[PDB]
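Structure file coords.cif; described as mmCIF, C-alpha atoms and all ligand atoms.
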data_query
loop_
_atom_site.label_atom_id
_atom_site.label_comp_id
_atom_site.auth_asym_id
_atom_site.auth_seq_id
_atom_site.Cartn_x
_atom_site.Cartn_y
_atom_site.Cartn_z
CA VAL A 1 -23.54 21.84 38.84
CA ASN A 2 -22.03 25.36 38.84
CA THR A 3 -19.31 25.24 36.17
CA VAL A 4 -18.86 27.49 33.15
CA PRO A 5 -21.22 26.01 30.51
CA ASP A 6 -19.46 24.09 27.74
CA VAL A 7 -20.61 26.56 25.10
CA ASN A 8 -18.92 29.34 27.07
CA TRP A 9 -15.59 27.53 26.60
CA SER A 10 -16.36 26.97 22.91
CA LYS A 11 -16.95 30.74 22.49
CA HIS A 12 -13.83 31.51 24.50
CA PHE A 13 -11.52 29.28 22.39
CA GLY A 14 -13.29 29.02 19.04
CA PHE A 15 -13.49 25.22 18.76
CA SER A 16 -16.37 23.01 19.67
CA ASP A 17 -14.62 20.72 22.18
CA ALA A 18 -12.83 23.52 24.04
CA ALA A 19 -14.35 22.53 27.38
CA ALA A 20 -12.50 19.24 27.05
CA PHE A 21 -9.25 21.21 26.73
CA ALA A 22 -10.20 23.65 29.50
CA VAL A 23 -10.74 20.87 32.09
CA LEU A 24 -7.18 19.49 31.61
CA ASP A 25 -4.20 20.29 33.81
CA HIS A 26 -1.60 21.89 31.56
CA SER A 27 1.37 21.75 33.96
CA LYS A 28 3.10 18.81 32.25
CA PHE A 29 3.69 21.22 29.32
CA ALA A 30 5.51 23.84 31.41
CA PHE A 31 8.80 23.51 29.55
CA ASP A 32 11.74 25.53 30.83
CA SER A 33 12.13 28.74 28.84
CA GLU A 34 14.49 31.69 28.52
CA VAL A 35 14.23 35.02 26.69
CA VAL A 36 16.89 35.03 23.97
CA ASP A 37 17.34 38.20 21.92
CA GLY A 38 13.93 39.40 23.06
CA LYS A 39 11.94 36.25 22.26
CA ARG A 40 10.71 33.41 24.46
CA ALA A 41 12.44 30.13 23.58
CA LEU A 42 11.78 26.67 25.02
CA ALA A 43 14.64 24.49 26.15
CA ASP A 44 15.09 21.35 24.11
CA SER A 45 13.36 18.44 25.84
CA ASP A 46 10.92 15.62 25.09
CA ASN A 47 11.13 16.16 21.29
CA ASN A 48 9.57 19.63 21.72
CA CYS A 49 11.66 21.35 19.00
CA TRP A 50 8.56 21.56 16.83
CA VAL A 51 6.76 23.53 19.56
CA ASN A 52 9.72 25.88 19.98
CA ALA A 53 9.84 26.56 16.22
CA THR A 54 6.08 27.13 16.00
CA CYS A 55 6.16 29.62 18.90
CA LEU A 56 9.26 31.43 17.70
CA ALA A 57 7.73 31.74 14.23
CA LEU A 58 4.60 33.22 15.80
CA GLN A 59 6.71 35.73 17.74
CA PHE A 60 8.28 36.91 14.50
CA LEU A 61 4.76 37.18 12.99
CA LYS A 62 3.17 39.04 15.98
CA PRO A 63 -0.33 37.56 15.67
CA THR A 64 -3.63 38.92 16.99
CA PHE A 65 -5.86 36.01 18.06
CA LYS A 66 -9.55 35.98 17.20
CA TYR A 67 -10.73 34.32 20.42
CA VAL A 68 -10.14 35.55 23.96
CA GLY A 69 -8.83 32.25 25.25
CA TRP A 70 -6.08 32.06 22.64
CA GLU A 71 -5.11 35.67 23.30
CA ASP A 72 -4.95 35.00 27.06
CA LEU A 73 -2.80 31.89 26.76
CA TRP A 74 -0.57 33.64 24.20
CA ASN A 75 -0.06 36.66 26.42
CA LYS A 76 0.81 34.25 29.26
CA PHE A 77 3.25 32.42 26.97
CA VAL A 78 5.15 35.57 26.07
CA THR A 79 5.42 36.62 29.72
CA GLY A 80 6.82 33.21 30.74
CA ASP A 81 3.74 31.16 31.78
CA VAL A 82 4.03 28.79 28.82
CA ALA A 83 2.14 25.62 29.78
CA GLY A 84 -1.38 26.47 28.62
CA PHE A 85 -0.39 27.64 25.15
CA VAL A 86 2.03 24.72 24.70
CA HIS A 87 -0.62 22.20 25.70
CA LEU A 88 -3.07 23.97 23.35
CA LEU A 89 -0.68 23.33 20.47
CA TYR A 90 -0.35 19.62 21.30
CA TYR A 91 -4.12 19.43 21.64
CA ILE A 92 -4.92 21.18 18.35
CA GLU A 93 -2.22 19.41 16.32
CA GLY A 94 -2.88 16.02 17.99
CA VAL A 95 0.70 15.09 19.09
CA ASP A 96 1.61 12.96 22.12
CA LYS A 97 3.79 14.62 24.72
CA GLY A 98 7.22 13.27 23.86
CA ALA A 99 6.56 12.87 20.14
CA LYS A 100 7.56 15.08 17.22
CA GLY A 101 5.07 17.27 15.41
CA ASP A 102 5.14 19.04 12.07
CA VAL A 103 5.55 22.80 12.29
CA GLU A 104 3.83 23.65 9.03
CA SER A 105 0.87 21.35 9.77
CA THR A 106 0.51 23.10 13.14
CA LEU A 107 0.79 26.65 11.75
CA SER A 108 -1.75 25.72 9.08
CA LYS A 109 -4.30 24.83 11.77
CA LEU A 110 -3.61 28.06 13.67
CA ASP A 111 -4.65 30.30 10.74
CA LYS A 112 -8.39 30.04 11.54
CA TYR A 113 -7.69 31.28 15.10
CA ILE A 114 -5.68 34.38 14.02
CA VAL A 115 -6.91 37.70 12.64
CA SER A 116 -5.86 37.98 8.98
CA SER A 117 -2.69 40.07 8.71
CA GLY A 118 -1.35 39.74 5.17
CA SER A 119 -1.86 38.35 1.73
CA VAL A 120 0.23 36.49 -0.83
CA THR A 121 -0.26 36.60 -4.62
CA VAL A 122 0.84 33.49 -6.63
CA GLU A 123 0.91 33.44 -10.42
CA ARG A 124 0.65 30.16 -12.33
CA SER A 125 2.05 31.24 -15.69
CA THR A 126 2.34 29.57 -19.06
CA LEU A 127 3.57 30.51 -22.49
CA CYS A 128 0.78 28.42 -24.03
CA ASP A 129 -1.31 30.32 -26.59
CA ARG A 130 -4.47 28.38 -25.74
CA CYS A 131 -4.25 28.33 -21.95
CA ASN A 132 -4.17 31.50 -19.83
CA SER A 133 -1.91 32.29 -16.92
CA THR A 134 -3.84 32.49 -13.64
CA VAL A 135 -3.29 34.58 -10.51
CA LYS A 136 -4.60 33.88 -7.02
CA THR A 137 -4.30 36.05 -3.88
CA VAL A 138 -4.69 34.27 -0.50
CA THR A 139 -5.36 36.44 2.59
CA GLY A 140 -4.73 35.28 6.14
CA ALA A 141 -1.97 35.02 8.66
CA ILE A 142 -0.60 31.68 7.37
CA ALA A 143 -0.77 30.42 3.77
CA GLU A 144 0.78 27.67 1.65
CA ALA A 145 3.10 28.78 -1.16
CA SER A 146 6.45 27.83 -2.61
CA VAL A 147 9.13 29.61 -0.63
CA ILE A 148 11.58 29.31 -3.59
CA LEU A 149 12.56 32.74 -4.92
CA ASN A 150 12.22 32.16 -8.64
CA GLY A 151 9.32 29.72 -8.35
CA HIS A 152 9.00 26.15 -9.62
CA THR A 153 7.36 24.26 -12.49
CA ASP A 154 3.92 22.81 -11.68
CA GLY A 155 3.32 20.19 -14.38
CA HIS A 156 2.18 20.86 -17.94
CA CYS A 157 -0.93 21.93 -19.79
CA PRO A 158 -2.43 19.43 -22.30
CA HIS A 159 -0.65 21.30 -25.12
CA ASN A 160 2.72 20.48 -23.48
CA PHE A 161 3.62 23.90 -22.09
CA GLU A 162 5.08 24.06 -18.58
CA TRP A 163 3.17 25.77 -15.82
CA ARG A 164 5.35 27.86 -13.50
CA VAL A 165 4.21 28.87 -9.99
CA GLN A 166 5.79 31.88 -8.29
CA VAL A 167 5.04 34.31 -5.49
CA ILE A 168 4.76 37.67 -7.21
CA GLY A 169 3.76 39.82 -4.24
CA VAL A 170 3.25 39.82 -0.47
CA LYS A 171 1.34 42.50 1.43
CA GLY A 172 1.25 42.84 5.17
CA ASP A 173 2.53 40.15 7.59
CA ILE A 174 2.16 36.45 6.78
CA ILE A 175 3.88 33.07 7.22
CA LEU A 176 4.34 31.13 3.98
CA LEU A 177 4.44 27.32 4.41
CA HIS A 178 6.50 25.64 1.72
CA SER A 179 4.29 23.60 -0.54
CA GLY A 180 6.50 20.95 -2.19
CA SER A 181 9.73 19.07 -1.75
CA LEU A 182 12.39 20.58 0.53
CA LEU A 183 14.98 22.45 -1.53
CA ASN A 184 17.93 24.77 -1.13
CA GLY A 185 17.51 28.50 -1.64
CA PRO A 186 17.37 31.20 -2.84
CA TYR A 187 14.20 31.74 -0.86
CA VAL A 188 11.49 34.36 -0.88
CA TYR A 189 12.79 37.07 1.45
CA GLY A 190 11.46 37.22 4.99
CA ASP A 191 12.35 38.19 8.55
CA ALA A 192 12.69 34.59 9.80
CA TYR A 193 12.71 31.02 8.44
CA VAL A 194 11.71 27.73 10.01
CA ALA A 195 14.47 25.33 9.03
CA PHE A 196 16.02 21.95 9.65
CA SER A 197 19.39 21.88 11.39
CA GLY A 198 18.16 16.57 12.39
CA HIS A 199 15.40 18.75 13.85
CA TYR A 200 13.62 22.09 13.68
CA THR A 201 15.24 25.44 14.23
CA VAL A 202 14.34 29.05 13.48
CA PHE A 203 16.70 31.40 11.64
CA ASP A 204 16.51 35.16 12.26
CA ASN A 205 17.27 36.68 8.86
CA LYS A 206 18.05 40.18 10.15
CA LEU A 207 20.46 39.13 12.89
CA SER A 208 21.77 36.08 10.93
CA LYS A 209 21.30 33.85 13.99
CA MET A 210 19.75 30.41 14.46
CA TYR A 211 17.70 29.47 17.52
CA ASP A 212 18.18 25.87 18.61
CA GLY A 213 16.14 25.33 21.74
CA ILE A 214 17.42 28.15 23.97
CA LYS A 215 20.80 28.14 22.27
CA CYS A 216 21.81 30.67 19.66
CA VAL A 217 24.26 30.19 16.77
CA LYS A 218 25.57 32.86 14.42
CA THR A 219 25.27 31.33 10.93
CA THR A 220 23.98 32.00 7.41
CA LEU A 221 20.74 31.19 5.61
CA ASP A 222 22.71 29.43 2.85
CA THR A 223 23.52 26.61 5.32
CA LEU A 224 19.83 25.88 5.90
CA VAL A 225 16.86 24.25 4.18
CA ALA A 226 13.75 26.29 4.96
CA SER A 227 10.27 24.86 5.37
CA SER A 228 8.49 28.19 6.02
CA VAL A 229 9.21 31.93 5.92
CA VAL A 230 7.80 34.71 8.12
CA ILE A 231 7.31 37.90 6.08
CA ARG A 232 6.76 41.30 7.72
CA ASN A 233 5.13 44.28 5.95
CA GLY A 234 5.88 42.89 2.53
ZN ZN A 301 -2.14 24.88 -23.04
#
For this file, write the structure as structure tokens.
Amino acid sequence: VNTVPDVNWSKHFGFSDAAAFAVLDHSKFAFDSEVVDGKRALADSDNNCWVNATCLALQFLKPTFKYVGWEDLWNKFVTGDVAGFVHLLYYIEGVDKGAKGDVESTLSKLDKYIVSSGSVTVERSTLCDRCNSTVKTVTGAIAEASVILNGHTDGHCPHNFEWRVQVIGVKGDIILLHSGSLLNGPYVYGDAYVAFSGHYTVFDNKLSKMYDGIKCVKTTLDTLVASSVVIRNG
């Protein structure tokens, strides 16, 4: 009779069924957390490693959210009230509590809720004399691109020349989600990498440390297979 209208929640959160999220208790998603080297990390529990990696990646990115409700739940997350933002991730990605989710799939959905912060330029080059190399610049906070330093082949033109795809520039701040099969480095340089340790971790590339839940391990990027890279001011 006297509730916030449903369209008020949709404006607040930016998706049409937000009232159905807003009515739900979020307290089952209040995972234990600690602040480890200045960032909020979730203790490993209930297959939540994918949530920890998503939220640590976002803290390396430093996003500005487009919608007030996201901004509010994010500010609460960083100050230690984590449940609402964590539930929001399970809700948006569509993962049962207790099941594993895919970090890159989740980050990909979050792009529309975040103010654009960077751009990535990918060249698809060929030596063919009939076909032309192409260049495409994607602008956002999260974008799909090969995270392999020297690029990768991408099939052939009909004249039998290889196409090669490669990141040739990054401006601003952006997370690149790896596009193809998982491979060893060298990787495009960034501040942090989402990686596989049999589960998700996040590697800080300036401190050379790996977050595993709330634990921290000094190790090297060479020991890891990265699925995404967080790049800051180029
Ligand atoms: Zn050709």
* Within 12 Å of residue 122 of chain A using all atoms listed in the file, minus same-chain residues under 6 positions, as a ChimeraX atom specification -> /A:133-139,143-152,164-170,176
Selection file, C-alpha atoms, as a PDB file, in the frame of the given file:
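What ended up in out-v3.pdb:
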ATOM      1  CA  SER A 133      -1.910  32.290 -16.920  1.00  0.00           C
ATOM      2  CA  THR A 134      -3.840  32.490 -13.640  1.00  0.00           C
ATOM      3  CA  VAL A 135      -3.290  34.580 -10.510  1.00  0.00           C
ATOM      4  CA  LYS A 136      -4.600  33.880  -7.020  1.00  0.00           C
ATOM      5  CA  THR A 137      -4.300  36.050  -3.880  1.00  0.00           C
ATOM      6  CA  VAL A 138      -4.690  34.270  -0.500  1.00  0.00           C
ATOM      7  CA  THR A 139      -5.360  36.440   2.590  1.00  0.00           C
ATOM      8  CA  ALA A 143      -0.770  30.420   3.770  1.00  0.00           C
ATOM      9  CA  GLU A 144       0.780  27.670   1.650  1.00  0.00           C
ATOM     10  CA  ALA A 145       3.100  28.780  -1.160  1.00  0.00           C
ATOM     11  CA  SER A 146       6.450  27.830  -2.610  1.00  0.00           C
ATOM     12  CA  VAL A 147       9.130  29.610  -0.630  1.00  0.00           C
ATOM     13  CA  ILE A 148      11.580  29.310  -3.590  1.00  0.00           C
ATOM     14  CA  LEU A 149      12.560  32.740  -4.920  1.00  0.00           C
ATOM     15  CA  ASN A 150      12.220  32.160  -8.640  1.00  0.00           C
ATOM     16  CA  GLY A 151       9.320  29.720  -8.350  1.00  0.00           C
ATOM     17  CA  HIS A 152       9.000  26.150  -9.620  1.00  0.00           C
ATOM     18  CA  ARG A 164       5.350  27.860 -13.500  1.00  0.00           C
ATOM     19  CA  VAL A 165       4.210  28.870  -9.990  1.00  0.00           C
ATOM     20  CA  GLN A 166       5.790  31.880  -8.290  1.00  0.00           C
ATOM     21  CA  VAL A 167       5.040  34.310  -5.490  1.00  0.00           C
ATOM     22  CA  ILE A 168       4.760  37.670  -7.210  1.00  0.00           C
ATOM     23  CA  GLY A 169       3.760  39.820  -4.240  1.00  0.00           C
ATOM     24  CA  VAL A 170       3.250  39.820  -0.470  1.00  0.00           C
ATOM     25  CA  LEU A 176       4.340  31.130   3.980  1.00  0.00           C
TER      26      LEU A 176
END
Emit as JSON the padded axis-aligned box for all listed atoms of segment 168-184 of chain A, 3 Å per side, with centre and edge lengths in Å to one decimal.
{"center_x": 9.6, "center_y": 31.0, "center_z": 0.2, "size_x": 22.7, "size_y": 29.8, "size_z": 20.8}
* Asked: Which residue gives the smallest distance to residue 210 of chain A among A:24, A:53, A:107, A:95, with only C-alpha atoms counted?
  ->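 Of all the options, A:53 lies closest to residue 210 of chain A.
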* Would you work out the distance separating atom CA of residue 206 of chain A from atom CA of residue 64 of chain A, expressed in Å to one decimal? => 22.8 Å
* Rounded to one decimal in Å, what is the spacing between atom CA of residue 229 of chain A and atom CA of residue 52 of chain A? ->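 For atom CA of residue 229 of chain A relative to atom CA of residue 52 of chain A, the distance reads 15.3 Å.
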* To do: Taking the point (10.5, 29.9, 16.5) as given in the file, collect each protein or nucleic acid residue that comes within 10 Å of it, counting all atoms listed in the file, and present the set as a VMD selection string.
  => chain A and resid 39 to 42 49 to 61 103 192 to 195 200 to 204 210 to 213
* Asked: Residues at most 10 Å from ligand ZN 301 (chain A), using all atoms listed in the file? Could they come as a PyMOL selection string?
  -> chain A and resi 126-133+156-163
Export of the given selection (C-alpha atoms) as a compact mmCIF listing (two decimals), in the frame of the given file:
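See again_10.txt below for the written result:
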# COMPACT_ATOMS: atom_id res chain seq x y z
CA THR A 126 2.34 29.57 -19.06
CA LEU A 127 3.57 30.51 -22.49
CA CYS A 128 0.78 28.42 -24.03
CA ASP A 129 -1.31 30.32 -26.59
CA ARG A 130 -4.47 28.38 -25.74
CA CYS A 131 -4.25 28.33 -21.95
CA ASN A 132 -4.17 31.50 -19.83
CA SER A 133 -1.91 32.29 -16.92
CA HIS A 156 2.18 20.86 -17.94
CA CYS A 157 -0.93 21.93 -19.79
CA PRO A 158 -2.43 19.43 -22.30
CA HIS A 159 -0.65 21.30 -25.12
CA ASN A 160 2.72 20.48 -23.48
CA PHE A 161 3.62 23.90 -22.09
CA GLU A 162 5.08 24.06 -18.58
CA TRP A 163 3.17 25.77 -15.82
* Structure fact -> As a check of understanding: the span from atom CA of residue 47 of chain A to atom CA of residue 100 of chain A is 5.5 Å
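Distances from A:13, A:31, A:90, A:65 to residue 141 of chain A were compared using all atoms listed in the file, and the smallest one belongs to A:65.
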Write out N, CA, C and O atoms for segment 24-45 of chain A, as a PDB file, in the coordinates of the input.
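Saved file part25.pdb follows:
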ATOM      1  N   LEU A  24      -8.428  20.241  31.419  1.00  0.00           N
ATOM      2  CA  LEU A  24      -7.180  19.490  31.610  1.00  0.00           C
ATOM      3  C   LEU A  24      -6.109  20.314  32.298  1.00  0.00           C
ATOM      4  O   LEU A  24      -5.936  21.494  32.013  1.00  0.00           O
ATOM      5  N   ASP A  25      -5.420  19.703  33.266  1.00  0.00           N
ATOM      6  CA  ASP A  25      -4.200  20.290  33.810  1.00  0.00           C
ATOM      7  C   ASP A  25      -3.225  20.482  32.676  1.00  0.00           C
ATOM      8  O   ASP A  25      -3.076  19.569  31.851  1.00  0.00           O
ATOM      9  N   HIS A  26      -2.593  21.663  32.609  1.00  0.00           N
ATOM     10  CA  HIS A  26      -1.600  21.890  31.560  1.00  0.00           C
ATOM     11  C   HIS A  26      -0.171  21.823  32.065  1.00  0.00           C
ATOM     12  O   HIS A  26       0.752  22.022  31.279  1.00  0.00           O
ATOM     13  N   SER A  27       0.050  21.532  33.357  1.00  0.00           N
ATOM     14  CA  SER A  27       1.370  21.750  33.960  1.00  0.00           C
ATOM     15  C   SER A  27       2.445  20.782  33.436  1.00  0.00           C
ATOM     16  O   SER A  27       3.640  21.085  33.569  1.00  0.00           O
ATOM     17  N   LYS A  28       2.074  19.652  32.833  1.00  0.00           N
ATOM     18  CA  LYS A  28       3.100  18.810  32.250  1.00  0.00           C
ATOM     19  C   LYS A  28       3.716  19.446  31.003  1.00  0.00           C
ATOM     20  O   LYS A  28       4.746  18.958  30.530  1.00  0.00           O
ATOM     21  N   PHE A  29       3.153  20.550  30.506  1.00  0.00           N
ATOM     22  CA  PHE A  29       3.690  21.220  29.320  1.00  0.00           C
ATOM     23  C   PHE A  29       4.442  22.482  29.676  1.00  0.00           C
ATOM     24  O   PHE A  29       4.728  23.301  28.794  1.00  0.00           O
ATOM     25  N   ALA A  30       4.794  22.654  30.949  1.00  0.00           N
ATOM     26  CA  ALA A  30       5.510  23.840  31.410  1.00  0.00           C
ATOM     27  C   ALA A  30       7.017  23.691  31.180  1.00  0.00           C
ATOM     28  O   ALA A  30       7.840  23.646  32.102  1.00  0.00           O
ATOM     29  N   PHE A  31       7.385  23.627  29.905  1.00  0.00           N
ATOM     30  CA  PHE A  31       8.800  23.510  29.550  1.00  0.00           C
ATOM     31  C   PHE A  31       9.592  24.692  30.081  1.00  0.00           C
ATOM     32  O   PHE A  31       9.117  25.831  30.049  1.00  0.00           O
ATOM     33  N   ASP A  32      10.833  24.430  30.505  1.00  0.00           N
ATOM     34  CA  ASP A  32      11.740  25.530  30.830  1.00  0.00           C
ATOM     35  C   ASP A  32      11.902  26.469  29.637  1.00  0.00           C
ATOM     36  O   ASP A  32      11.967  26.032  28.490  1.00  0.00           O
ATOM     37  N   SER A  33      12.002  27.759  29.914  1.00  0.00           N
ATOM     38  CA  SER A  33      12.130  28.740  28.840  1.00  0.00           C
ATOM     39  C   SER A  33      13.101  29.834  29.266  1.00  0.00           C
ATOM     40  O   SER A  33      13.344  30.041  30.454  1.00  0.00           O
ATOM     41  N   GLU A  34      13.708  30.494  28.279  1.00  0.00           N
ATOM     42  CA  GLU A  34      14.490  31.690  28.520  1.00  0.00           C
ATOM     43  C   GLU A  34      14.114  32.705  27.459  1.00  0.00           C
ATOM     44  O   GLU A  34      13.626  32.333  26.389  1.00  0.00           O
ATOM     45  N   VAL A  35      14.402  33.985  27.707  1.00  0.00           N
ATOM     46  CA  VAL A  35      14.230  35.020  26.690  1.00  0.00           C
ATOM     47  C   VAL A  35      15.579  35.274  26.037  1.00  0.00           C
ATOM     48  O   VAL A  35      16.537  35.692  26.713  1.00  0.00           O
ATOM     49  N   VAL A  36      15.659  34.988  24.741  1.00  0.00           N
ATOM     50  CA  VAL A  36      16.890  35.030  23.970  1.00  0.00           C
ATOM     51  C   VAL A  36      16.683  36.047  22.860  1.00  0.00           C
ATOM     52  O   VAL A  36      15.759  35.903  22.035  1.00  0.00           O
ATOM     53  N   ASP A  37      17.499  37.091  22.857  1.00  0.00           N
ATOM     54  CA  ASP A  37      17.340  38.200  21.920  1.00  0.00           C
ATOM     55  C   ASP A  37      15.887  38.672  21.824  1.00  0.00           C
ATOM     56  O   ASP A  37      15.347  38.906  20.742  1.00  0.00           O
ATOM     57  N   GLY A  38      15.241  38.801  22.976  1.00  0.00           N
ATOM     58  CA  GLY A  38      13.930  39.400  23.060  1.00  0.00           C
ATOM     59  C   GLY A  38      12.768  38.459  22.820  1.00  0.00           C
ATOM     60  O   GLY A  38      11.612  38.893  22.924  1.00  0.00           O
ATOM     61  N   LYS A  39      13.023  37.186  22.523  1.00  0.00           N
ATOM     62  CA  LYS A  39      11.940  36.250  22.260  1.00  0.00           C
ATOM     63  C   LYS A  39      11.980  35.070  23.220  1.00  0.00           C
ATOM     64  O   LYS A  39      13.044  34.607  23.627  1.00  0.00           O
ATOM     65  N   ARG A  40      10.804  34.534  23.532  1.00  0.00           N
ATOM     66  CA  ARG A  40      10.710  33.410  24.460  1.00  0.00           C
ATOM     67  C   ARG A  40      11.008  32.110  23.718  1.00  0.00           C
ATOM     68  O   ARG A  40      10.339  31.792  22.731  1.00  0.00           O
ATOM     69  N   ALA A  41      12.008  31.381  24.188  1.00  0.00           N
ATOM     70  CA  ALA A  41      12.440  30.130  23.580  1.00  0.00           C
ATOM     71  C   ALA A  41      12.311  29.035  24.626  1.00  0.00           C
ATOM     72  O   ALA A  41      12.581  29.275  25.806  1.00  0.00           O
ATOM     73  N   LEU A  42      11.954  27.830  24.168  1.00  0.00           N
ATOM     74  CA  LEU A  42      11.780  26.670  25.020  1.00  0.00           C
ATOM     75  C   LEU A  42      13.040  25.809  24.956  1.00  0.00           C
ATOM     76  O   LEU A  42      13.565  25.520  23.872  1.00  0.00           O
ATOM     77  N   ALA A  43      13.492  25.372  26.113  1.00  0.00           N
ATOM     78  CA  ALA A  43      14.640  24.490  26.150  1.00  0.00           C
ATOM     79  C   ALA A  43      14.318  23.165  25.486  1.00  0.00           C
ATOM     80  O   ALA A  43      13.209  22.641  25.601  1.00  0.00           O
ATOM     81  N   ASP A  44      15.309  22.593  24.835  1.00  0.00           N
ATOM     82  CA  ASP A  44      15.090  21.350  24.110  1.00  0.00           C
ATOM     83  C   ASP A  44      14.851  20.210  25.092  1.00  0.00           C
ATOM     84  O   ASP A  44      15.674  19.973  25.984  1.00  0.00           O
ATOM     85  N   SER A  45      13.761  19.474  24.897  1.00  0.00           N
ATOM     86  CA  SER A  45      13.360  18.440  25.840  1.00  0.00           C
ATOM     87  C   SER A  45      12.166  17.696  25.263  1.00  0.00           C
ATOM     88  O   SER A  45      11.312  18.309  24.624  1.00  0.00           O
TER      89      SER A  45
END
